[PDB]
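*Asks:* this one's experimental. Sequence and coordinates below.
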Amino acid sequence: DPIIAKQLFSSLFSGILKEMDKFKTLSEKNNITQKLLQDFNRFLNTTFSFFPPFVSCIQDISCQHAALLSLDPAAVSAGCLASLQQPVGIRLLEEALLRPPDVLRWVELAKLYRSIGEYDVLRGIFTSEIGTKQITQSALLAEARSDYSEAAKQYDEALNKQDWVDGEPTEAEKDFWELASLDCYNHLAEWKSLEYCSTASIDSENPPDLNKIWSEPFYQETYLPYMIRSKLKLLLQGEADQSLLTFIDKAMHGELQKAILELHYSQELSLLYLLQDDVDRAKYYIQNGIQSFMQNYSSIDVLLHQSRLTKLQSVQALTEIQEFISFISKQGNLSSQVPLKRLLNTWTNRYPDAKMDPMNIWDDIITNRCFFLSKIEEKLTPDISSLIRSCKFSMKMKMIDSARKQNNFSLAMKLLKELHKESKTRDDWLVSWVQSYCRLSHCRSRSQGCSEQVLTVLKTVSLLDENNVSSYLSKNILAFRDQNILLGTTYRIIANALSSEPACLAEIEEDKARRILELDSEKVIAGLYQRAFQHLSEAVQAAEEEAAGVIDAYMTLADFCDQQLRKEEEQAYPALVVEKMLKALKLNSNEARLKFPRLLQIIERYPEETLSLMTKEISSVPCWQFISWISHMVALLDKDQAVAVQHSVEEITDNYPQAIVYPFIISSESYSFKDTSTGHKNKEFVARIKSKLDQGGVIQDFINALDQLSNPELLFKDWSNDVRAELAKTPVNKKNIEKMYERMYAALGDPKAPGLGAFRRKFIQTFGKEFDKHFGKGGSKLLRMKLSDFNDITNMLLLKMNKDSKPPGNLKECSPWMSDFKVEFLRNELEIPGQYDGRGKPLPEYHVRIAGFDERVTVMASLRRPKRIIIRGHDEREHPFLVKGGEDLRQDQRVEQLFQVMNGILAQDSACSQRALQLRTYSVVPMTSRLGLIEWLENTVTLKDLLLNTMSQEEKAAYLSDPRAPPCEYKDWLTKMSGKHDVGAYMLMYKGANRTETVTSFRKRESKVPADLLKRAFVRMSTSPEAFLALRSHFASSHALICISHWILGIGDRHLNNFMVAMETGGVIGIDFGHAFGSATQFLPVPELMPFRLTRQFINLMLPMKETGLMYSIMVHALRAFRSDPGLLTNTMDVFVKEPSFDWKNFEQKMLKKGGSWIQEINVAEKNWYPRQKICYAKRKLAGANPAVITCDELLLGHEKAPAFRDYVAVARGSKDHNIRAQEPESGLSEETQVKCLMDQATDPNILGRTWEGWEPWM
């Protein structure tokens, strides 16, 4: 076995070199390591058969020793690029670039990263702080998008330049320009500019190639593959030009020129000898190629994917060569065309996969097949001259349809202009031609600015409305649906283009303005919207004669009319949206399942008609597609338009009586119906479902038993604050105190009031048996007290009720209903919650039932002190859940539902699905008010505990027990800067230290922690350099995703225990959304001014690069996908304004008096003032806003009339000398500039030097 030989040799070598360091003192071992370094250089420079577990064998033992690290940047790259072992060479060069710029290694590392895609990391490489020119970054930007015709232009316009008055463009960068221009000419089909550029650098005046490539082994590893590839791919058609066969013949006389060919090529050789009309040598060469594929593919390592994919992507060309050899040899399949038709019918169904195979593979297979067909047309001499062209046309058009999807517009355009001379012969060819043209133009003009984006979609007008209907569009129906849905999008593009910069773009033309006018500054928009509406309506008037082919024709017209209505907000369109969306929701479609609050808002905003239209369409829909919006519908089951919701709530309550149970109790806690004729039907309907649910009370005892184990002090503080915020301000509210005292009367009253309604605790039977000598005075005077002045009498008893308590109950006998749960009868086993996640038929038989609880309940040491229970399933498996005492967990549910909408909109965007970006969520149920459950996560650990267990024993001891530690140094700095030990020092410190004091102390506090903690934690558990590059990249991508997604809905308090890392995949999980919109910079005493957490460890993980290559392009991609359609998240955000939670009402009174924002009307509560303001703030920062403008706006709304307020606005705005966020406009920003100033605000020592001490900004 080769692989265990590689692992045994690489273990034994390292073992001997690590054991020799006892004796053999320091003057001899230096010479030993120098000789070993020269031997390894000799191996890498003289090898010619790049065997993978030998090439990647010496680079694993060299990159671990400090003496062999300076090995050979020019041979390492050329070996790893050819043996496909690139994650070992990347780690070798990145360990060399640690420990004048090192432009050689900085160019070879870029050449290793460029070969496997990975254009994200190539932004933190090519800067001007390593002496590289600025023609490299501008040319890599045109290759990060598939635009290999401007980069191949401005590489040629940078090679032959002699001015260079900044320095000198060194020879390593010129080798990089030559290699990258070679690949950019390779990615197209220019087979003259790859031939001349490859045979015009070794000799002059028509080079012979005959021995010039075989000397000086740098001109052989680079200039030979492109020479033979360009010459062969030009040989496979056209004229003779006999100059490669003679080179092969005079090369094969040697030995090292004979075992370098036919070991690395074999396939170009087989094609070259098939070109010479002999099949016998090609048989030997293709058998050699098959054996070479097998011996190479069985040798590259196990956990090294995409090398296996790029090696497996050649088997179709190999076996098509073998099938042509086997077809042409026999005689029974060369007389009759019956085995020919089976070949032409099996060729047109064996394409490679579109969107997943690069265009060199498609070019290989298509040119091979046309060469084979041209040979078979002569060898099969006994209408047959048409059935091959009808195969070649439909083989090239699929290649075009895959070149369009990968943004190869410059490659697809020449294929269109070559497939045009013989397209007008028949009739069903032209429609596919013009539709490929029109889809190419619509895909191409998504990036141009204006006035040329108008011009290309104006050019694809005159051919879409050609004759084209000579019994074809009337007869066929797909060719009639597709031209209508294309001609709708053309006019939509024009009329949306002339509506941002209206006047000038209709003026910068000479005849195209008249051509647009034949289809004043408002007729040319309204008459084009009408022409869009006609061609989008025909696409469903003529497509109801037949899924996934009518869902697009529905949802196109639905989204166009919905955006037109949202533009009218600032005919029968609100009627036309609802039925065309519900007909596509009836068929299975996830893109219409998330557009439900748009319907439930258009019904509320347009109720004069279309409210009867929702009834007949919601009547016949399978009622498992609303289990996402059950909490969205049970809040509409209090107010008007409850019809067309009532039927679906009744159906779900009938046939799924476990999904809608728990969202019904929270809405039944507070309804307060009206007094009309409909207001009585609403009460009888809610009373019918209240009688129908709970099936005899198996749910209510579960909810009560999970209520009766929490600490009573939390509900005690709830009662105390609810009476203090209702009596001690003004006694005008009638019956409210005597109504809110009933819960205090029921629970924690006389010790039998819980004993008669529920089960007696083992802890309340000690608590209420002691708190009755203090409850006698309550039963005397506090029943009708109405004094409203004294609260110290409550203060002394709440301070005395925290001494003789024990919040551990120490077993599950503290709530003796689950310890004696003991199911024995079919009493509707109650199906452990948090299931029915969204879509599909739920299949409720596979769902886990509750069959008991454990005796070990534990307590988490947070503020509100939640508990954790271990509930056992019926199949004997534990489930950990987290019960919370008395907080309304509906904001957590709403933001996790928002995360579900977020990673539903991520998977539709094409650029993010290739990176596989998904937010990882978890389940939360608000059972009743002041009671919920949270799914505890297994196999994870907190980020702070990972960083606190990665250190050494001398590190944590001198980090926690040191007077100069960054914990104590920040406290001493705050004492010195202000004068006081408590809070208020944060107020006076803004009026204390200036800018150039905070930074100079922050670097001293920051450079006292170790700098390699995430790298140590990721190298302790990776076991391979091919896996380190996977784990660290996955960690960085997941953290970039949650950093950009915790800002749109503005989440604060991102401290060091809100991040969970999975110890089996290396990915970050964000939790604990207590502050969800801007409420850490608005209601906290000392504010927070950063948008997310990007501290020193997250940027020190990515050395020798920094956080501008990988943690930048992920944020650009995710935020561009969010700002693709901005309507979805703001439409989901209206459940806050429909049924507002208590957390948006306990501070609404605080903003009512001690706050700001008097520009808007404050007389209306929770319909226009609070949640409409949070929605308009998120809509502003989703339409493009400065991240320092939103912070000072939220700081003006909540922190005005402060002592240090202008200091707050001065800190969080910029400085115009260090910060890019001060040199930008306040609004109307762009995407990359917005994320640039966004990442500028996060890492700022003028911000991070002055924050709250528990956020820990130094680590």
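*Replies:* Received the coordinates, thanks. Numbering: from 1, shown residues only.
*Asks:* just the strands in the protein please.
*Replies:* Applying DSSP state E to the chain gives strands spanning 850-853, 858-859, 867-873, 878-884, 924-928, 931-935, 940-942, 1059-1062, 1068-1070.
*Asks:* of all those strands, which one is nearest residue 667?
*Replies:* Closest to residue 667 of the strands of the chain is strand 924-928 (Cβ to Cβ; 10.5 Å). Just so you know, the C-beta spots here come from the backbone N, C-alpha and C atoms, and that holds for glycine as well.
*Asks:* restricting to C-alpha, output the closest one in PDB.
*Replies:* What follows is strand 924-928, C-alpha atoms only, in PDB (Å, rounded to 0.1, in the frame of the first residue of the first chain):
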ATOM      1  CA  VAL A 924     -38.200  27.600  21.100                       C
ATOM      2  CA  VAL A 925     -41.800  27.300  22.200                       C
ATOM      3  CA  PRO A 926     -43.800  30.000  24.100                       C
ATOM      4  CA  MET A 927     -46.200  27.500  25.800                       C
ATOM      5  CA  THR A 928     -48.200  30.100  27.700                       C
END
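*Asks:* the residue lying closest to residue 334 once chain neighbours are set aside and residue 319: what is the separation?
*Replies:* In space, and not counting its chain neighbours, residue 334 is closest to residue 380: 5.5 Å by Cβ to Cβ, 6 or more residues apart in numbering. For residue 380, the distance to residue 319 (Cβ to Cβ, to the nearest Å) stands at 21 Å.
*Asks:* repeat for residue 667
*Replies:* Note on residue 667: its distance to residue 319, by Cβ to Cβ, is 64 Å.
*Asks:* who's more crowded, these two?
*Replies:* residue 667 (18 against 14; other Cβ atoms under 10 Å).
*Asks:* tell me who's in contact with residue 728.
*Replies:* Listed by Cβ atoms under 8 Å, 6 or more residues apart in numbering, the contact partners of residue 728 are 788, 789, 791.
*Asks:* make TSV out of these and add neighbour count.
*Replies:* Below are these laid out as TSV (neighbours: other Cβ atoms under 10 Å):
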residue	neighbour count
788	15
789	6
791	14
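*Asks:* export these to CSV and tack on distance to residue 121?
*Replies:* Output for the contacts of residue 728, formatted as CSV (distance: Cβ to Cβ, whole Å):
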residue, distance to residue 121
788, 66
789, 67
791, 61
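*Asks:* just the residues you listed now: which is nearest residue 102?
*Replies:* Comparing the contacts of residue 728 against residue 102 with Cβ to Cβ picks out residue 791 as the nearest, at 69.7 Å.
*Asks:* thinking again about what came up before, now for the strands of the chain, which one comes closest to residue 341?
*Replies:* strand 1059-1062 (54.8 Å).
*Asks:* what residues does that closest one touch?
*Replies:* 937, 939-943, 946, 1035, 1067-1071, 1093.
*Asks:* swap in 10 Å and give it another go.
*Replies:* The contact list for strand 1059-1062 (Cβ atoms under 10 Å, 6 or more residues apart in numbering) reads 920, 922, 937-947, 1014, 1017, 1034-1035, 1038-1039, 1042, 1067-1072, 1093.
*Asks:* which among the residues you listed count as buried?
*Replies:* For the contacts of strand 1059-1062, a burial check counting by 16 or more other Cβ atoms under 10 Å picks out 920, 940, 942-943, 946-947, 1014, 1017, 1034-1035, 1038-1039, 1042, 1067-1070, 1072, 1093.
*Asks:* among those residues, which ones are in helices?
*Replies:* When the buried ones among the contacts of strand 1059-1062 are checked against helices (DSSP state H), the matches are 943, 946, 947, 1014, 1017, 1034, 1035, 1038, 1039, 1042.
*Asks:* per-domain residue ranges of the chain.
*Replies:* The record's domain parsing of the chain by automatic domain parsing lists 262-303+311-377, 414-546, 940-1126+1183-1248.
*Asks:* can you redo the ones you listed as JSON lines with distance to residue 56?
*Replies:* Formatted as JSON lines, the domains of the chain follow (distance: least, Cβ to Cβ, whole Å):
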{"stretch": "domain 262-303+311-377", "distance to residue 56": "8"}
{"stretch": "domain 414-546", "distance to residue 56": "39"}
{"stretch": "domain 940-1126+1183-1248", "distance to residue 56": "9"}
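*Asks:* most tightly surrounded among these?
*Replies:* domain 940-1126+1183-1248 (a mean of 18; mean count of other Cβ atoms under 10 Å).
*Asks:* skipping its backbone neighbours, what lies nearest residue 62 in space?
*Replies:* residue 68 (4.0 Å).
*Asks:* and the one you found, how far from residue 107?
*Replies:* In this view, residue 68 and residue 107 are 21 Å apart by Cβ to Cβ.
*Asks:* looking at the two, which is more packed in?
*Replies:* The neighbour comparison of residue 68 against residue 107 (other Cβ under 10 Å) goes to residue 107, with 26 against 20.
*Asks:* for that one, which residues are in contact?
*Replies:* Residue 107 makes contacts with 73-74, 77, 125-126, 130, 132, 136, 170, 172-177, 179, as judged by Cβ under 10 Å, 6+ apart.
*Asks:* quick one: it and residue 173, what's the gap?
*Replies:* The gap separating residue 107 from residue 173 is 6 Å, by Cβ to Cβ.
*Asks:* which neighbours do these two share?
*Replies:* Listed as contacting both residue 107 and residue 173 by Cβ under 10 Å, 6+ apart are 132, 136.
*Asks:* identify the residue nearest the residue nearest to the spatial centre of the chain in space, chain neighbours excluded?
*Replies:* The centroid of the chain falls nearest to residue 917 when counting by Cα atoms, centre = their mean (2.9 Å). Computed as Cβ to Cβ, 6+ apart, the closest residue to residue 917 that is not its neighbour in sequence is residue 906, at 5.2 Å.
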